[PDB]
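As given, the protein sequences belong to chains A and B, one line each in that order. Counting in my numbering, the first sequence runs from 114 upward without gaps. Counting in my numbering, the second sequence runs from 114 upward without gaps. I have placed the structure first, in the form of structure tokens, so that the comments after it can refer back to it.
2 protein chains.
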Amino acid sequence: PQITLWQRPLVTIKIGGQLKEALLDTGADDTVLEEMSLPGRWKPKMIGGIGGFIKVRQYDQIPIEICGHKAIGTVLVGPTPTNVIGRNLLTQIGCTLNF
Amino acid sequence: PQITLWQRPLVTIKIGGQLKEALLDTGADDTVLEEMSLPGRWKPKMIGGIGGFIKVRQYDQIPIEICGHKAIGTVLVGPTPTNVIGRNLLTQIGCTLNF
Ligand SMILES: COC(=O)N[C@H](C(=O)NN(CCC[C@@]1(O)Cc2ccc(cc2)C/C=C\CNC(=O)[C@H](C(C)C)NC1=O)Cc1ccc(-c2cccs2)cc1)C(C)(C)C
Ligand SMILES: [Cl-]
Ligand SMILES: [Cl-]
Ligand SMILES: [Cl-]
């Protein structure tokens, strides 16, 4: 679709059998979700933003569906104050900025 | 332009006659720049990021050029990891998300 930026660009995602609301963030390197369970291997990571760093768990090769577009990539899980979809997945669904 | 997201969506902005690099960030309500000088009076704002809260100085009605596109709006100044261009100015320069 074309998505306006008068409001926050929130979309439904499907991940780990769950439906969630998330924020399409062109500024984010990574995808970061609030605490949830995912299968398979993980390793710790510190990620930074406004206000400083938080510690997250990094899972790789996770299937995700965003606005009905399938992709696979790394998903970070931790105490983020909101679900963000980052460039690592935005690329896979062909998402671009236009002006 | 159309900007893909394989790399950080970094652009040149001009503010107060000087060039800077900044990140086009659709997950940001507000525009936040690293410490700099701006004219007039400022008001306080507390803004929240992935890592927690920071205090910033809010300047209103500031002219700023973003990739050659002219805007005039609210600019927050404070301890941010990078210069971030948020939806308040992205809407002024006619930005959308497309996939
Ligand atoms: C309305 O609040 C905001 O719009 N906050 C904004 C904001 O933090 N939005 N959050 C989106 C993510 C912003 C940012 O792209 C902002 C950003 C920060 C640093 C960088 C690049 C972009 C470069 C440094 C390291 C790489 N870090 C990141 O890529 C991280 C990523 C790992 C999450 N990127 C970001 O953190 C998402 C977000 C949204 C809401 C809140 C709230 C929490 C509680 C109250 S508000 C926190 C985070 C703002 C920049 C104005 C502080
Ligand atoms: Cl990835
Ligand atoms: Cl592409
Ligand atoms: Cl504004």
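The beta-carbon is built from N, C-alpha and C at its ideal position, and this holds for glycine as well.
Assignment of residue 203 (chain B) by DSSP, reduced to helix, strand and coil, places it in the helix class. The alpha carbon of residue 168 (chain B) has as its nearest neighbour, out of B:159, B:176, B:175 and B:174, the alpha carbon of B:159.
Distance from the C-beta of residue 187 (chain A) to the nearest heavy atom of ligand 2 is below 7 Å. With fewer than 16 other Cβ atoms from the protein chains shown falling within 10 Å of its own Cβ, residue 211 (chain B) counts as exposed. Under the three-state reduction of DSSP output, residue 148 (chain B) falls in the coil class, being neither helix nor strand. For the pair of segments examined, the segment 172-182 of chain B was found not to touch the segment 172-191 of chain A: the number of CB pairs separated by less than 8 Å stays below three. Looking at A:118, A:165, A:124 and A:140, the one whose alpha-carbon comes closest to that of residue 124 (chain B) is A:140. Here the C-alpha atom of residue 179 (chain A) lies approximately 21 Å from the C-alpha atom of residue 208 (chain B). As computed with DSSP, residue 131 (chain A) is found in a beta bridge with A:128. Contact annotation: residue 164 (chain B) and residue 163 (chain A) have beta-carbon atoms nearer than 8 Å. Judged by DSSP in its simplified three-state form, residue 195 (chain A) adopts coil rather than helix or strand. The beta carbon of residue 124 (chain A) sits no closer than 7 Å to any heavy atom of ligand 1. Spanning the alpha carbons of residue 188 (chain B) and residue 154 (chain A) requires a straight line of approximately 42 Å.
Residue 118 (chain A) is classed as buried because its beta carbon has at least 16 other beta carbons within 10 Å across all chains shown. For residue 154 (chain A), the three-state secondary structure derived from DSSP is coil. The beta carbon of residue 141 (chain B) sits closer than 8 Å to some beta carbon of chain A. Within chain B, the residues 139 and 210 have their CB atoms less than 7 Å from the CB of residue 122 (chain A), given in chain order. In this structure, the C-beta of residue 201 (chain B) approaches ligand 4 to less than 7 Å from one of its heavy atoms. Following the DSSP letters along the chain, one finds residue 166 (chain A) inside the beta strand (DSSP E) bounded by residues 165-179. The C-beta distance from residue 142 (chain A) to residue 181 (chain A) rounds to 24 Å, too long to fall under 8 Å, and the pair is not in contact. Interface criterion not met: the Cβ of residue 171 (chain A) is under 8 Å from no Cβ in chain B.
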